[PDB]
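Read off the chains here:
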Amino acid sequence: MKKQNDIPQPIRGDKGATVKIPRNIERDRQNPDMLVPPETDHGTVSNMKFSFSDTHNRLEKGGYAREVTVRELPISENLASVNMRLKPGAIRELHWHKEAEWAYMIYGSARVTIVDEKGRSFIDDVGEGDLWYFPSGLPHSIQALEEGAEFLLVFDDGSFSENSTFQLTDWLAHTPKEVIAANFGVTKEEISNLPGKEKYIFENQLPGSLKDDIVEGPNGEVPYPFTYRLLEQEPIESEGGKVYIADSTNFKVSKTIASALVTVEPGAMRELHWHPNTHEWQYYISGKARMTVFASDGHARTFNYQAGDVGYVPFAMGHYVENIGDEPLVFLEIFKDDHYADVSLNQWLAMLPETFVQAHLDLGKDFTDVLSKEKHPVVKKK
Amino acid sequence: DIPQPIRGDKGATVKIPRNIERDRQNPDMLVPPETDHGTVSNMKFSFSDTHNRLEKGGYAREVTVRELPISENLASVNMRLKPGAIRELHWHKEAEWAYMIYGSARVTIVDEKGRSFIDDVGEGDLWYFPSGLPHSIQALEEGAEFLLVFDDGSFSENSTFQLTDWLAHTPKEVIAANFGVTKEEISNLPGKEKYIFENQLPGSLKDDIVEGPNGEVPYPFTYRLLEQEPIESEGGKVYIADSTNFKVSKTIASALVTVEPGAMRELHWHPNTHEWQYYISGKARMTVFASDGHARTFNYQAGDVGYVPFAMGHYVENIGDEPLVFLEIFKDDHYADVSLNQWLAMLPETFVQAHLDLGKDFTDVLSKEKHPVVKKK
Amino acid sequence: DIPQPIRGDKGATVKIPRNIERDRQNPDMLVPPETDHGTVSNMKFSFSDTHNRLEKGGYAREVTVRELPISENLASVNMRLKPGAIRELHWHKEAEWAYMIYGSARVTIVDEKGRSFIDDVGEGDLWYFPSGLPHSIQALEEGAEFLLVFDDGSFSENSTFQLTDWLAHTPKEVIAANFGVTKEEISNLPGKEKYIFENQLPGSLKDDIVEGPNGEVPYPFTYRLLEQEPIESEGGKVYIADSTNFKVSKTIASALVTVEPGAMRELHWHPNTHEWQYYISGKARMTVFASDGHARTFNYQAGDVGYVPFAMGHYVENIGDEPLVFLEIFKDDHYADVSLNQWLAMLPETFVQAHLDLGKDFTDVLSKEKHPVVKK
Amino acid sequence: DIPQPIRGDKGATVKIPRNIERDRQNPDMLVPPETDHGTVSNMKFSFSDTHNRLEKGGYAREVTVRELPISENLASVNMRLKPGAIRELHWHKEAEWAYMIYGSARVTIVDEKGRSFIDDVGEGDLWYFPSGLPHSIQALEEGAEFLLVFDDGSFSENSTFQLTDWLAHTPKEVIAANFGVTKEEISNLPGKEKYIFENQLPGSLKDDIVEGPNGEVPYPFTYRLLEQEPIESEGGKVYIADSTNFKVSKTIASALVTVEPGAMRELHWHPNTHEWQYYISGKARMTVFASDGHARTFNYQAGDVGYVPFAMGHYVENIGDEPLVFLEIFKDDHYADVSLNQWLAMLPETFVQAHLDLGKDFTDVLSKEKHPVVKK
Amino acid sequence: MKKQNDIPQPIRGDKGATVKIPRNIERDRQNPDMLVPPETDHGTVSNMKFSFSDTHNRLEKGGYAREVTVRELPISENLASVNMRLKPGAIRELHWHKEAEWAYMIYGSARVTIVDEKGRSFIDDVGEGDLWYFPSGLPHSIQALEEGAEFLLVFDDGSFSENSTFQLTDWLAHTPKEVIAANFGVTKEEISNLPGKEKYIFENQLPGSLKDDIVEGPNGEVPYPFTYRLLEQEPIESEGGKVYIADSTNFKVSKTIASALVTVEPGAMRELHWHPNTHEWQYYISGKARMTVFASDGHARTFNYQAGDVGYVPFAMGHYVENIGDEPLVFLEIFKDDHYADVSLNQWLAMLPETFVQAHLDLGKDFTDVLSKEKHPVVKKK
Ligand SMILES: [Mn+2]
Ligand SMILES: [Mn+2]
Ligand SMILES: [Mn+2]
Ligand SMILES: [Mn+2]
Ligand SMILES: [Mn+2]
Ligand SMILES: [Mn+2]
Ligand SMILES: [Mn+2]
Ligand SMILES: [Mn+2]
Ligand SMILES: [Mn+2]
Ligand SMILES: [Mn+2]
């Protein structure tokens, strides 16, 4: 708990030394638990942290998009992410991709379209705290409404790239005109004005009312919505914060992505736990955190995170997420699976015979008496 | 005619010795569309460019990942049997799907509960043998020629597990003990496999059926594809068999497509998996759109294998005077596509116009009903 | 008493220094059947050829893909516990299946809904712990020795996540905050893992049961394999536990096979997945038929691991005077085989004759009923 | 003072919580050049974003392929030693190259012929230790801080072979037999490694020299880079050490580049191998041209690692008011580049004009002499 | 040094327990340091031991061949080995392969042939203790002389198989007769008696004198011999045994294999060392040994070896080879490199300032005074 000097130094008790070479003081201040790790860290652990601020931002007329992929964070082979921004009325061009796409609306609102394997369309407006999920290969679009929009997209393969989606106008620009004309029963003259290259993101007038955009068709309505109002659900409320979970059990279409939004008050922490199903991918919406990843065989490494950072926890590794700042800590947890699952350290030990736990920990009834059989994902410090 | 790789002011005459016959077969590759761009893997291979294994009773030649490396998940054998000839009892790690192009044959299969299924397959019929289940084929009075598709690209037709090869490589004492016979009783077992061999015609199917205490299989291993009602559009027909109707065909979804002269399988993609193609008859071109401004056109004719990687945009245009007939194969439990026309038809017209820089005259032509094969006007 | 690699006019005496004891254990490898041919990967490894991790309270040794590289999907630990000794609370990514060979033990497991299951396991019983669910083992009054099988070949017994190792590598401030205690209250936590440690015998199972707000688990994590009715053939018995009867065992299908002297697990293959084997007792040979004229025979005895890649033909012949007892393990939700005899029995007899160049005298012996273990 | 991702009519303000400090460090990434295009792998990682291993006597932090995956062939440790502190005698498979940034240290190495080399290294000096040869570092009176580069990206600083770790994991009977001593004589050996440990300052270099029957090493393992005459261009200086002058440095070619304010390492590429970079001081941007219309610009400052894959076009522009100082590292036996200016200068002027759609006014400025660092 | 019972048990002090399940007592007796490892072992280490007795032996008219490859010992990706036996006069059929081949003649003697890239032939007799080396792709044969022969072949790729060499008669059997006839200017009738399948190993009459077999040609003699008399060289003689080294510096053709024969008296040991160049592959000719492989980061595992065993030491790992029996221990060390190199622990420390070594080891002048600046590869116990 000893605090750093204005110029922090990698010193812990009698270990470490001052930095003698030119250095990045600003980044060191953001990474206090990396410049000075806990004494309990040990061994080689892959990097589990990357900042969107350290990525190239693709700027277009109407917004921007930047990405963190396996080429930035190689531990995350199964999940990649885009931070995308749209100005009011601007359109993310009709497109599809091999990966399924999950999204969280951080700021503003947007209208999405999607058409399914049966030719059925779903059109809906998404606001702050809402999600969408587009299954692999189904074509979709996003158009920001009057406030603009900024959102996080997560794709279920780490090798994604935002520059490799299949765009409507790119497909047509690379199809012979004779074939397009034959496809639609029109003349080549009727399609002479098709774009010669993709748009990707483009400015446009605001759309009208949602009701006026709904398209009915001969194949009927989709069975399940492609959007979900996460923040309208009743959260799991612990002493130190709240957890909102959306997986395929409640957000029915979201078959390959399970998700949670976690809020952690100052002085609180997402408790010690692990996931018995799959890897965790993280996005930090706001606040400041540290997390130690316990990797087995005496290996553990602590990382720091703040707004704009991606984190990762490989399958079954022990972890916690501690708020280390004065404001709420808000982050997303993402899993490539059909459901969310964790094992809580506290609940695990609480559900075992007390003398058996005592025999393991070399602690007494004073400790086992504090264990809780109810899981409290976010705990508050006393 | 002597074609040249010239398109407008681009290209030049060929100055070196060349293969004129192949150039005539590949007009859209010697002279690609101006709209092609970028590196795309090869998506075409001819069975005529493969080694044909000849045996007493027929032949078998294959296109695998060693010929067409983009196709890692699917491989194929073109097999021919003379009347009465037998493809020896065998099994393999891969599931096997088949389309009977010519003639007819009797198949056998035994399942993991010891139940046998024996049936005759004719032109336009399919079979599907799940992985590891043992089977045989015997051509009937007119012979048979058929296409086999295996759900792994690394297959080889020379590495199936053959009944007689197994026995030839098992100790005689073990074979004798296995069946409760003497070693002398099995002395005449073959020393090497047969693979394909000549034989007299079998009797009636009814007389070959074997009844047993474990009863009949719950689902048939054959399917009469051409007896089903096809999806009919202006330019042709589509017949689909996947696990929703051909119940056993869990890892292969299939379609037979017929395209009249002047018609085209419309612009679409598959949101589920890669497409593997076999061209039964006719002449076609297809452009594969691979994202990020990459697209490449290929030509196909009878005897060719094609491929479309997962989610790539494509169409199949008849470029000849005869019907174009081809198979589409997918390693999945169902067939699925997205039609470009239907997609745009199901969106607000002004939104589509904003994308395409076209007006209501174009959006008025879009159809909310999918028409897989369209006819030119 | 000195075997030589000679078969008729093939082979020769060994002229260099040699391992006569191992040669005597591997008669069908020093002198293979004439019917073997071609390159086949090794399908045989002995636990006696592995490093044994010794701890206060027992031991653990393993056969993994680093010992037997054909077995990429399955690995195994032979673990021994003295009376009362504890295999420390731990978890791992891999699912774990177990067979109790000797003695008995108490297991605990807690699931992802916070529900605990505690049960006693005796000889012939199994357990199955799904991936990532935390568990422990404690031997009862006789001690215990058992075989664990993990559904990835790259496992290692030294890489499990141990309760005390986790806590030893977590900041004390974080542990204290997690439980609402002071750092002083947790100062006595161990500085390193225990793994296996000695302990007094546990009390009655009834006294260990913990009730909780989330109720009981829906399916048990133990199974009394030898209490089931086996498939009894002429030459032995087969007991099967897969996800159809041992409901939790979703990624492991298993069978215990007993083969009398003079009997043999018949010629068959598996149309679903690879087979992993552990030889509990007795002596066997097996030929693996790998297609395209490739076949190789291997010898096995107590303590050996074997393997049969997906769809390869095989049999398991007792070559000794005592019963042969072995486990068959498959990474799948069910057991399945195709029997050579039953296959041919279910085809037209003249069609079989046309293949085999044998007559009705042979096809008349074929049986439409499957008999997994046959007697000579 | 609040930058925004806006370039003319493209982009927009950031509406979500953001990292303004990092955005200010990366102006050409928040607002890239209009000329960037396409997907390019990340080519930039900060040592400040790594876990620092702290020991009594100093620290070590690393950037490896697990942090910067484009760099598969090279990894790096920033190591700091207090006065007299010792980096424990050790070896590793990888060859090690080093640049002394601050202070000074004594190194030892023994070769495979039993010959020892001991030398003092000061600011601007290098060392190179071939793969597998054992060595140590001990800081002198001012302490030391230096950059180590290893010729495999999968390195880890926690995986080196340490003298005391080896002995702690060797049977005492074997150690005793090895040296002809009793087990009692070696009872005080450490039970675990030291890695970095505090120690009194060493004596004179002359007093440490050890003579032996195998003579002196043929080539020195240290090099006084900054004592060499640099290539001096209009905008800065370049000092090169590769196997042609630093004879032992067979797998690492290196250069120290200084770039004045308003200057730039010119447009060039390497026809031999990938470039790995460490930024000692100052602030830079670099565009990596990856072919087929792909290009991405990155920002660097003190403490950053950069990378340029084999043959990709690049330049390094000083974007600050202070000198820009960086290292270029190549896994090869020599340094080589092709300069864009010199290339075009050596071709017929009308041929260059036909390519560039520019006239004699442009081709007249081309120079047949290579100037690695140019001044605006 | 405590000895096992006739039925050994995995017990070390108060650690371990008796074996309660059916077990392989004979193998346990062969592996005393695996049933009861040193207390100093720790962590996961790949298997480094495999017995030729655990391999399928290919029997032919004239001899046998069995192999240990990466399919048996997966740590050894770069080296594989065949133990081959020939009866008097029997021929290992003319053949070639992609891998280079190195050989040690353990028993008997043989005549070898080889033809090089220039059409030059080399024919020579090899006896006990002699080597050969055949570069990749050059065709060769072996024919045993009057005592027969048994030898160890080592190939410089672990994926080798003895059943995959290119055999003269197999090539011809799979070439169209018209092509063979055209190749040699003969009729198809003249070649009708060519074999229909390969021979591999076949019986034959003893050859005549070597002098009568030598073939001269227009391209002259080879520049360097393909055989080497290892045991005729003066060995490095230490107190506890001898070392004979053949690498490309003395056996000039042996460009990809460096080799050593090591003899270790009872009570002696190949000292603690490592190799700074490459992995070590081992074959145990006679005797009984143990070796601990030190793999870094606190990882170490001990293995036992006896006649007929293959061992392995990955690049740069610390090791020693201790004789644990009453007879001499004789083994081969093989390296895929153009030279042999090691670093001796003793010599390393002997060449450093004594106080510096003392500061590392927490030992005094009593220890540093015993260090030797001369390398003694095999040391004898006092
Ligand atoms: Mn999208
Ligand atoms: Mn979590
Ligand atoms: Mn088949
Ligand atoms: Mn299609
Ligand atoms: Mn376990
Ligand atoms: Mn089986
Ligand atoms: Mn070093
Ligand atoms: Mn450069
Ligand atoms: Mn050879
Ligand atoms: Mn060695």
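Residues numbered from 1 in each chain as written, not as in the entry; some residues may be left out. Chains lettered and ligands numbered in written order. Part of a larger assembly, values for the part shown. Heavy atoms only, no water. Residues with missing side-chain atoms left out of burial classes, pairs and counts.

- Its PDB header attributes the entry to X-ray crystallography and lists the resolution as 1.451 Å.

What to know about the arrangement of the chains
Okay, step 1: As for chain D relative to chain C, no contact occurs, and the smallest C-alpha gap between them is 14 Å.
Okay, step 2: Of all C-alpha pairs spanning chain A and chain E, none lies closer than 9 Å, and the two are not in contact. (Contact = heavy atoms within 4.5 Å.)

Remarks on the coordination of the manganese ion (ligand 3)
Six octahedral donors around a metal ideally make angles of 90 or 180 degrees; four tetrahedral donors ideally make 109.5 degrees.
Residues and elements named next belong to chain B.
Okay, step 1: Those protein atoms acting as donors to the manganese ion (ligand 3) are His90 (NE2), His92 (NE2), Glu96 (OE) and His135 (NE2), and they sit at 2.0 to 2.5 Å.
Okay, step 2: In primary sequence terms, the donor set of the manganese ion (ligand 3) follows H-x1-H-x3-E-x38-H. Assigned by exposure class, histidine 92 and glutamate 96 land together as buried. (Donors = N, O, S within 2.8 Å, 3.2 Å for Na, K, Ca; no water. Buried < 20%, exposed > 50% of the residue type's maximum accessible area, 1.4 Å probe, protein only.)

Thoughts on the interface of chain A and chain D
Okay, step 1: Between chain A and chain D, the residue contacts involve 63 residues of the former and 62 residues of the latter.
Okay, step 2: Here chain A meets chain D over a buried area of about 5400 Å², counting both sides, of which 52% is carbon and sulfur.
Okay, step 3: The largest per-residue losses of area from chain A upon contact with chain D belong to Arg27, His56 and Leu59 of chain A, which jointly make up 13% of the total buried on that side.
Okay, step 4: Linking chain A with chain D are 4 salt bridges, by the criterion used here.
Okay, step 5: Viewed at the interface, chain D and chain A are joined by 35 residue pairs in polar contact.
Okay, step 6: By residue class, the composition of the side of chain A that touches chain D is 21 nonpolar, 21 polar and 21 charged. (Buried area = accessible area lost by both parts, 1.4 Å probe. Salt bridge = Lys/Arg side-chain N within 4 Å of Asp/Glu carboxyl O. Polar contact = N/O pair within 3.5 Å; in protein donor to acceptor, adjacent residues only side chain to side chain. Nonpolar A, V, L, I, M, F, W, Y, C, P; charged D, E, K, R; others polar.)

Some points on helix α4 (residues 172-179) of chain B
All names here are of chain B.
Okay, step 1: Among the 8 residues that make up α4, 6 are buried, leaving the element largely enclosed by the rest of the structure.
Okay, step 2: Listing the buried residues of α4 in full gives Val174, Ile175, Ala176, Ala177, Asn178 and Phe179.
Okay, step 3: Residue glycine 180 follows α4 closely and has a positive phi angle near 70°. (Helix = DSSP H or I, 4+ residues; strand = E, 2+ residues; numbered from the N terminus.)

Some points on the pairing of strand β8 (residues 101-115) of chain A
Residue and element names in this part refer to chain A.
Okay, step 1: Within β8, 15 of the 15 residues are buried, leaving the element largely enclosed by the surrounding structure.
Okay, step 2: As paired strands, β8 and strand β10 (residues 130-134) are joined by 4 bridges and run antiparallel to one another. Each bridged residue has a counterpart across the sheet, and for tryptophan 102 the counterpart in β10 is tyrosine 133.
Okay, step 3: In terms of strand pairing, β8 meets strand β11 (residues 140-155) through 12 bridges, oriented antiparallel. Opposite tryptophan 102, over in β11, you have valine 154 as the bridge partner.
Okay, step 4: As paired strands, β8 and strand β9 (residues 121-127) are joined by 7 bridges and run antiparallel to one another. By the bridge assignment, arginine 111 is partnered in β9 with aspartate 125.
Okay, step 5: Counting the residues that bridge the hairpin from β8 to β9 gives 5 residues, and of these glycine 119 lies at a positive phi of roughly 80°. (Pairing = 2+ DSSP bridges.)

Here we look at the nonpolar core
Okay, step 1: Counting 574 residues, the largest nonpolar core has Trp348 of chain A, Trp343 of chain B, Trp343 of chain C together with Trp348 of chain E as its most contacted members.
Okay, step 2: Ignoring any residue separated from it by four or fewer positions in sequence, one finds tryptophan 348 of chain E in contact with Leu89, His90, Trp91, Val110, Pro134 and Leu163 of chain D together with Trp274 and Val343 of chain E. (Core = buried A, V, L, I, M, F, W, Y, C linked by side-chain atoms within 4.5 Å.)

As for the coordination of the manganese ion (ligand 6)
All names here are of chain C.
Okay, step 1: For the manganese ion (ligand 6), the full set of protein donor atoms is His268 (NE2), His270 (NE2), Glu275 (OE) and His314 (NE2), and the range of their distances to it is 2.1 to 2.3 Å.
Okay, step 2: Here the donor residues of the manganese ion (ligand 6) share one chain and are spaced in sequence as H-x1-H-x4-E-x38-H.
Okay, step 3: Among the residues examined, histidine 268 registers a relative accessible area of 0% and is labelled buried.

Topic: the domain arrangement of chain C
Residue and element names in this part refer to chain C.
Okay, step 1: The domains assigned to chain C are domain 1 (3-50 + 225-374) and domain 2 (51-224).
Okay, step 2: Just the C-alpha atoms count here: the centres of domain 1 and domain 2 sit 32 Å apart.
Okay, step 3: Taken residue by residue, the interface counts 35 residues in domain 1 and 33 residues in domain 2.
Okay, step 4: Where domain 1 meets domain 2, there are 1 salt bridge.
Okay, step 5: In this structure, the salt-bridge partner of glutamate 227 is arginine 224, at a minimum N-O distance of 4.0 Å.
Okay, step 6: Only β3 (44-46), β17 (253-259), β19 (275-281), β22 (304-308) and β24 (324-330) provide two or more residues apiece to the side of domain 1 that touches domain 2.
Okay, step 7: Considering every element that reaches the side of domain 1 that touches domain 2, the biggest residue donor is β19, with 3 residues.
Okay, step 8: Residue classes in the side of domain 1 that touches domain 2 are distributed as 18 nonpolar, 11 polar and 6 charged. (Domains from an automatic or database assignment.)

A few points about the domain arrangement of chain A
Residues and elements named next belong to chain A.
Okay, step 1: Annotation of chain A at the domain level lists domain 1 (8-55 + 230-379) and domain 2 (56-229).
Okay, step 2: Distance from the C-alpha centre of domain 1 to the C-alpha centre of domain 2: 32 Å.
Okay, step 3: Contacts between the two partners involve 35 residues from domain 1 and, on the opposite side, 33 residues from domain 2.
Okay, step 4: Of the roughly 3000 Å² buried between domain 1 and domain 2 on both sides combined, carbon and sulfur atoms contribute 72%.
Okay, step 5: In terms of surface lost to domain 2, no three residues of domain 1 exceed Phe52, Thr55 and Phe251, which account for 22% of the buried area on that side.
Okay, step 6: Taken together, domain 1 and domain 2 are joined by 0 salt bridges.
Okay, step 7: At the boundary of domain 1 with domain 2, the tally comes to 13 residue pairs in polar contact.
Okay, step 8: Counting only elements with at least two residues in the side of domain 1 that touches domain 2, the list comes to β3 (49-51), β17 (258-264), β19 (280-286), β22 (309-313) and β24 (329-335).
Okay, step 9: Top contributing element to the side of domain 1 that touches domain 2 by residue count: β19, with 3 residues.

What to know about the sheet that holds β19 of chain A
All names here are of chain A.
Okay, step 1: Pairing is antiparallel in the open sheet, where 7 strands are placed in the order β3-β22-β19-β24-β17-β16-β15. Two strands lie at the open edges of the sheet, namely β3 and β15 (236-238), each paired on one side alone. On average, each strand axis in the sheet is tilted by 20° relative to the strand beside it, whichever way the strands run.
Okay, step 2: Where β19 lies against β22, 4 bridges are found, and the strand directions are antiparallel. Opposite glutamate 280, over in β22, you have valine 313 as the bridge partner. (Axes fitted to C-alpha atoms, helices over the stretch in contact; angles between N-to-C directions.)

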